[PDB]
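Numbers here simply count residues along the sequence, with the first being 1.
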Amino acid sequence: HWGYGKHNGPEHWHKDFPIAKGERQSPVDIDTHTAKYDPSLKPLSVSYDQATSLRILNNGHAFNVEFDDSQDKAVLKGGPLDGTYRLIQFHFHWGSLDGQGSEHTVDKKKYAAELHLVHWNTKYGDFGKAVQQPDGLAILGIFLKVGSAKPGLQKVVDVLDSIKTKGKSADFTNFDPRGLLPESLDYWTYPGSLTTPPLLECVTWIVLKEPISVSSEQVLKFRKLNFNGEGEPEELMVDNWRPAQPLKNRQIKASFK
Ligand SMILES: [Zn+2]
């Protein structure tokens, strides 16, 4: 019964998921004055030419755009990573107001939203195996600010009416996730966790330096989604973000000078 409400939000998750107070929790604040350039980091390689989106699902916590992950169709490699990571889904976290919504922060700045492209390490065979490994997942995080529209987001926005409530899904084929990337692939990286229960410490985080812009109308449509199921009292799906967690015995590395 975890969520982001008045009585089940992030500050409560530790009771059912005690690693919520663990050593490698996410998100974190990225202090640009202490993250150090690491010349041993490599560019990242984002290979989404062959990506097969399938479906979009309102899971009661966000919406997931799901991919074929039964071959090396959409992969993330390079950067800080060893080996190959398959795209399984992407989703967002966003606010009720434009001054909040991101999970990671940059010098304490909150963005309006944050996109997570979730990938699993093919050495482990399936996502469920991967999440049990410290190097099982690679999550590419991209900040959203409100300004111009993002054309590549509009087909996501326009399907949201069909998945308003928890448990609804819709066919969502032929979506190109390249349309959600910023110009630059400069990034910060650190070891952390899933930001939702079960909060497993299985993630190499790769957070892009450059935000994307979305319009105020696009974010407004995110904010019309519902946490609740059909026929239940309406609870707008807003503020579905976990706040920054203690960095502890970690360093954030920068790919850029
Ligand atoms: Zn996420």
Side-chain angles (χ1 to χ4, degrees), residues 1-5 8-10 13 17 26 48 50-71 73-76 85-95 101-103 113-120 126-131 136-142 144 150 152-180 193-200 202-203 214 218-242:
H1 309 94
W2 70 266
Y4 300 93
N8 67 357
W13 294 356
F17 304 93
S26 294
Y48 292 168
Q50 304 278 320
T52 299
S53 68
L54 292 171
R55 193 177 75 139
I56 191 173
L57 171 69
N58 180 332
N59 62 22
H61 305 117
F63 62 85
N64 290 171
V65 173
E66 300 167 350
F67 290 78
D68 190 10
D69 69 345
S70 74
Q71 295 192 87
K73 287 188 170 185
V75 302
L76 187 67
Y85 290 71
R86 291 184 184 160
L87 180 64
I88 179 168
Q89 53 99 334
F90 69 78
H91 62 272
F92 305 78
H93 306 266
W94 61 92
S102 68
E103 296 207 308
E114 185 174 331
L115 167 61
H116 290 160
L117 296 121
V118 180
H119 313 74
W120 56 272
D126 71 60
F127 180 87
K129 286 287 193 289
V131 298
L137 294 186
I139 304 179
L140 178 62
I142 304 178
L144 281 60
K150 190 71 168 178
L153 182 61
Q154 190 62 32
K155 291 178 176 187
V156 173
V157 168
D158 279 338
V159 77
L160 297 182
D161 285 331
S162 74
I163 59 150
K164 181 176 180 180
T165 51
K166 179 179 191 174
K168 289 194 169 280
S169 63
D171 295 320
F172 202 73
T173 54
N174 305 101
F175 179 78
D176 185 356
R178 294 175 291 184
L180 297 179
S193 74
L194 299 175
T195 71
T196 50
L199 302 170
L200 295 170
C202 63
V203 181
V214 305
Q218 290 178 317
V219 187
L220 284 163
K221 287 175 177 183
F222 285 5
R223 299 178 181 143
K224 296 183 171 202
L225 286 165
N226 287 185
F227 290 127
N228 53 283
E230 183 181 10
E232 293 176 354
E234 184 172 46
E235 297 175 71
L236 296 178
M237 183 180 282
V238 295
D239 295 316
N240 60 348
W241 50 276
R242 189 188 192 192

Report, as yes or no, whether the 6.0 Å neighbourhood of atom [atom1] on [X] holds more than 12 heavy atoms from other residues, nucleotides or ligands.
X: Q50; atom1: CD; result: no
X: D171; atom1: CG; result: no
X: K168; atom1: NZ; result: no

Within the 4.5 Å heavy-atom criterion, are [X] and [Y] side-chain neighbours or not?
X: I163; Y: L57; answer: no
X: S169; Y: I56; answer: no
X: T52; Y: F67; answer: no
X: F222; Y: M237; answer: no
X: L137; Y: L194; answer: yes

Strictly distance-based, threshold 3.5 Å: is any side-chain N or O of [X] a donor or acceptor partner for the main-chain N or O of [Y]?
X: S53; Y: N174; value: yes
X: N8; Y: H1; value: yes
X: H119; Y: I139; value: no
X: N226; Y: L236; value: no
X: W13; Y: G3; value: yes
X: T165; Y: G229; value: no

Item to check | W241 ring center within less than 6.0 Å of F92 ring center | outcome: no

[atom1]/[X] to [atom2]/[Y] distance, rounded to the nearest 0.5 angstrom?
X: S102; Y: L115; atom1: OG; atom2: CG; value: 12.5 Å
X: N240; Y: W94; atom1: CG; atom2: CH2; value: 4.5 Å
X: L225; Y: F63; atom1: CG; atom2: CZ; value: 6.5 Å

Only counting residues at least two apart or in another chain, list the ones meeting side-chain hydrogen bond (donor to acceptor under 3.5 Å, both in side chains) with [X].
X: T173; answer: none
X: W120; answer: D69
X: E235; answer: none
X: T195; answer: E103

Using the test side chain to side chain contact (heavy atoms under 4.5 Å, CB included), find all partners of [X] that sit at least two apart in sequence or belong to another chain.
X: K224; value: none
X: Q89; value: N64, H91, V118
X: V219; value: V146, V214, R223

If you take all heavy atoms of [X] and [Y], which pair is closest and at what distance?
X: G152; Y: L180; answer: O-CD2, 3.8 Å
X: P198; Y: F17; answer: CA-CD2, 3.8 Å
X: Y4; Y: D239; answer: CB-O, 3.4 Å
X: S193; Y: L199; answer: CB-O, 3.6 Å
X: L76; Y: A138; answer: CD2-CB, 4.0 Å
X: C202; Y: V131; answer: CB-O, 3.3 Å

Checklist entry - With sequence neighbours excluded, what pairs up with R86 under the salt bridge (charged side-chain N to carboxylate O under 4.0 Å, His left out) test? => result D72

Checklist outcome for this item: salt bridge (charged side-chain N to carboxylate O under 4.0 Å, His left out) filter on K73, not counting sequence neighbours, yields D68

Checklist entry - Which residue pairs pass the salt bridge (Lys or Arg N to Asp or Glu O under 4.0 Å) test when at least one of the two sits in residues 153-163, sequence neighbours left out? => result none

Item to check | By ring pair (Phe, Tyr, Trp, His ring centres under 6.0 Å) - contacts of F175 (at least two apart) | outcome: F90, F172

Next on the checklist: Applying ring pair (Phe, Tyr, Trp, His ring centres under 6.0 Å), can you list everything that pairs with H61, at least two apart in sequence or on another chain?
Outcome noted: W2

Next on the checklist: Check this for me, if you would: do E234 and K164 make a salt bridge, where the nitrogen-to-carboxylate-oxygen distance has to be below 4.0 angstrom?
Outcome noted: yes

